[PDB]
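Notes to accompany the following structure.
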Amino acid sequence: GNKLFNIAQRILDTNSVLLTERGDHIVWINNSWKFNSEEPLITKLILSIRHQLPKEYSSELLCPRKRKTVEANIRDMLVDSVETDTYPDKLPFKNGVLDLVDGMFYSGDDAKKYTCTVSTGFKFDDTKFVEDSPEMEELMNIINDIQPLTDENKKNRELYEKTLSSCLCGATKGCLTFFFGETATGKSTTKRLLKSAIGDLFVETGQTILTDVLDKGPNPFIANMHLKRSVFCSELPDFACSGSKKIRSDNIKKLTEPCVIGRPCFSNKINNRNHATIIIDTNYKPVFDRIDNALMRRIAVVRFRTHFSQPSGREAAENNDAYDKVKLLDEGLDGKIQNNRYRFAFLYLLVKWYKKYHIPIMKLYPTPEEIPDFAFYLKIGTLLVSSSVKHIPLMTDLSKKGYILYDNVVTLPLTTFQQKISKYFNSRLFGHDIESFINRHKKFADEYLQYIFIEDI
Amino acid sequence: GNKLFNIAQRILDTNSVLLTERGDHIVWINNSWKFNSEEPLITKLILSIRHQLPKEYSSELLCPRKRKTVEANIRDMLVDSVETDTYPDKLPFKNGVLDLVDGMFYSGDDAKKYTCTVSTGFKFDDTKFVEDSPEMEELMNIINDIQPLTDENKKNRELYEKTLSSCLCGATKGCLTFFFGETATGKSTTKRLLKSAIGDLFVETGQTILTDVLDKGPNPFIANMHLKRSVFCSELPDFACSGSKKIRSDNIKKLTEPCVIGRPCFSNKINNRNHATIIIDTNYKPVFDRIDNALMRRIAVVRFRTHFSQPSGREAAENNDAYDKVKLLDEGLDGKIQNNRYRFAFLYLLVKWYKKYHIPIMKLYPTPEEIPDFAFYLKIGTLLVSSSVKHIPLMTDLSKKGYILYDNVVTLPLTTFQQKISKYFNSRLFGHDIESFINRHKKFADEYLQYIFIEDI
Amino acid sequence: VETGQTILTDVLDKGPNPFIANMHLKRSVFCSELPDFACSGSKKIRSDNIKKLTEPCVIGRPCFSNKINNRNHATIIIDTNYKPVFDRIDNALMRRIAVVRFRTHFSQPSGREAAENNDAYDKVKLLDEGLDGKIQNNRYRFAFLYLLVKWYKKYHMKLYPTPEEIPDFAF
DNA sequence: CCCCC
Ligand SMILES: Nc1ncnc2c1ncn2[C@@H]1O[C@H](COP(=O)(O)OP(=O)(O)NP(=O)(O)O)[C@@H](O)[C@H]1O
Ligand SMILES: Nc1ncnc2c1ncn2[C@@H]1O[C@H](COP(=O)(O)OP(=O)(O)NP(=O)(O)O)[C@@H](O)[C@H]1O
Ligand SMILES: [Mg+2]
Ligand SMILES: [Mg+2]
């Protein structure tokens, strides 16, 4: 009774082909879920699975025509969709899934339950996923060189560890991180170590995702981040020189959301799932077009302060205040990392840090005090208090301080506000910021401002 | 004779395949109407419906080639189009349709009468659609935190509810709503809750639909809005720092019409039905290039004024006038909502609000007062009116007031008009607006304005 | 179909524009709610578009199309309250214009006395509220069609210029 | 379609 339909029915009963909500067909081959939009892999699954069927059914699947017929039947059978990539604490490899909470490695049907449609791209080797090894010792020395274990670097080192370990989580993070340092401090070394450790879950993009409009037309540079767990942007075009495009704060806000809008070439899929830790490597501090409390909530900075130099340039490097430590450059490290020598040692370190910093919830917090741009605003937040009903009685002496009440609200005229605020910031140094604050928060009635200096109280 | 033609005739008689006005082919599979432009579903329907046909006819449908022949017959037989999505009070699910007027869930042929070709994408559960539940108390607490039940917030809160309930109606709305507030006020929480509640009827788009030419070319960002009952745009590139493209009033007007123009890749359907409540998440009020009563009549604003902060930054949050209340941030809420914990509780709340605000006709009303960009024009309503032929005798005092009789109609000079305007408002903060108004109302005979102030009478 | 005032102040070729393209075989077009020209500082009425739009063909790219020529059958009527002052006055606009005069006043009883004294309004009547309700019912559909057919038969055909009807065409 | 413009 239509042998080929029966074969398709059995293959469907195995649950090895699924239809996803984006319209892709994912197949379970070699202990991983795979898909290829440009070329479906269903006939590959049919050929591979021919060994699990009766003897008479297997001999039909050696003809490509019959495999195509079975594929047509399977495509007509799949009507409903499924959801994929819903477990944030599972690390998919090419031959199984690693449980980050437990540490157990699963294969076969154990790994199949988590419909992880992405993977590192390499096989998990449990012989190399060990704590004691010469590779581990070399990597420990390298890491302690890049981020020393001193008391002045404790917070910075902890933030470094937490940011690197968050690249294993399949969830949406609320902060973008800047690896900030001078030249030859180990930022690219860390980037390449992470890329080696996490394989295909890592991606590099261009700066257009920070300075251009994401929707526009086709944009693979934003559609390629779909389901990635780490996104790297490098070589910030510093903006001290005139004409440089600033970073769009709305781009930051859009990149911090669970879904990002953008499509590739020849595609109608306009929304991409955002699971990525976004890191920007820079020698210069960022400059944004507009500054507000929404942006100051999504920025963290890690600093690199160890210089690796040739013997000729060491002495001068010792007289630079951008460095706290000067070491000798090792010319064989780049090739060693390019060969994936520290892949599993760094993976073990990342898993250990994930355990360490995953008190029930792992959350990335901002560091607004590390950005000079924000400085002014922070200082303002420590100087002024919004006028409230509790300040009405204080008017008794507020008049002696220059305060004039109006509509039951304490206010200070523009001239008085300028006189009082010139005592905290240099007019030339903080001209644009002070003017912007005045314009943004100035009232009218002759201009008024609803703020009281904490010192007067 | 011609068994396959007879099978196609029977399938056509079942009424499970229809041709829409745009030319879509909609099929009825698994208790829902479905269409996939770039992936026809007629052969899936043939395979699924083979069971209703006689015994001899069903065995022929196991061959993909025979199914393709039957599909060719069926689509040659379909000459007349039908009307779809004409009931705005039916909510379609993956297994039936819910009546919003009464609250009865239909399945099978009962749901088939309403040709609802879109659905939430998930199955309606009767057990979880309950008024009392542990999740309902948490949802009520969250919603009350975001929009407190206080007199000062009464009216605003209602608008909130109304807008949210309007996401259930399958009709065209005449307003665009702006969710306005400072950072960490619950706007994105509300958006995620609504997305969870209404599934696939919710869509997210880019800001291009607000600041670009809708015609252009193949536009998936507009083609994806077809038959959607909720469209969200986020992160307006505000204009505090001037230099960004403004919102086009032409797009605002095109987005309130029953039909929109936009076509996907590899498809020819430039016509999309507009059922969507359009909501914009912003930290800054909008600014448009042109202001006119046509644009001023389709804008509404909802305020968010509750701050959720960590204990470290709470005290400062208590001295900001942008917040009426400060709460404690919960780090588990995001993951709870992302896992669809409050899907059915929020659906029940939305249905209750729909019943409450759907007295015979539900309508969305603009709130032009909130927008400051519209402020000056509004003052013109109380500033001056257009003189009629009834202001002849008044000129007896008009000469005393400054106006000079001319053409038997009250009129004012340019300098006199400027002097009179100076009384209502100061040109220091509105001088450019005064100049624009003078140019707009300029009349030349040596230019005079035939406008009468209300106070003048 | 009705058209706005954008066409009278914008170029045709430009980029993606559906308004001009949808004119294909469309049998009428009215520019309504005109941007009164008395507003100094606003762009004046362009005459190049007036001359071009009357051509037997229409040049312009329909959205998501690849043809820049379309049939032009629409009858062009521009309805406004203010006099037209062309941006540039030449022989083309002088010989390619006309004017229709309306002097019927629909005024409410409250404002009838004030409205009647207006010189512009010659006959003043009481506004009929239900007429709009009768318009949407399409009750005057066949009657209007019959009247239009009668007028077309009686008048048949062309449109003569009215240089005197426009003040700016005086000098 | 994208590119191109
Ligand atoms: N212990 C060490 N750890 C890391 N890198 C080391 C170490 N010893 C030597 N190096 C090398 O010193 C150089 C450090 O610069 P590298 O990390 O490549 O770039 P960067 O300083 O991050 N970026 P840039 O400023 O643009 O040059 C590389 O050649 C490293 O391989
Ligand atoms: N009761 C509560 N109601 C709403 N959000 C809450 C509540 N308790 C904690 N939160 C959290 O507080 C945070 C507020 O952020 P969010 O909901 O995105 O606000 P927002 O106003 O959209 N922020 P922003 O884009 O910066 O202006 C989120 O982590 C919420 O989950
Ligand atoms: Mg480098
Ligand atoms: Mg938000």
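Computation of the quantities below employed the complete heavy-atom set of this structure, encompassing side-chain atoms and omitting hydrogens, waters and symmetry-equivalent molecules. Residue numbering restarts at 1 for every chain, and letters A, B, ... go by the order of the sequence lines.
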Practice item. Show your working on side-chain hydrogen bond (donor to acceptor under 3.5 Å, both in side chains) between A:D76 and B:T43 and close with a plain yes or no. Key: CA-CA 7 Å; A:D76 282 341; B:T43 41; 3.2 Å; yes
Identify each atom pair where a protein N or O and an N or O of nucleotides 1-5 of chain D are less than 3.5 Å apart, giving names and distance.
{"residue": "D:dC1", "atom": "OP1", "partner": "B:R263", "partner atom": "NH1", "Å": "2.5"}
{"residue": "D:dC1", "atom": "OP1", "partner": "B:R263", "partner atom": "NH2", "Å": "3.3"}
{"residue": "D:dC1", "atom": "OP1", "partner": "B:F266", "partner atom": "N", "Å": "3.4"}
{"residue": "D:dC2", "atom": "OP1", "partner": "A:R263", "partner atom": "NH1", "Å": "2.9"}
{"residue": "D:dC2", "atom": "OP1", "partner": "A:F266", "partner atom": "N", "Å": "2.6"}

Review point. Charged N to carboxylate O below 4.0 Å: is that the case for A:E71 and A:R75?
Key: yes
Point to revise | salt bridge (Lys or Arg N to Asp or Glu O under 4.0 Å) partners of A:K44, counting only residues at least two apart | key: none
Exercise for review: Report yes or no: is the cationic atom of A:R290 (NZ for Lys, CZ for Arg) under 6.0 Å from the centre of the six-membered ring of B:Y284, at an angle within 45° of the ring normal?
Suggested key: yes
Check your understanding: Looking at residues at least two apart in the chain, or sitting in another chain, which of them share a salt bridge (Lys or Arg N to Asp or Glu O under 4.0 Å) with A:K269?
Key -> A:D24
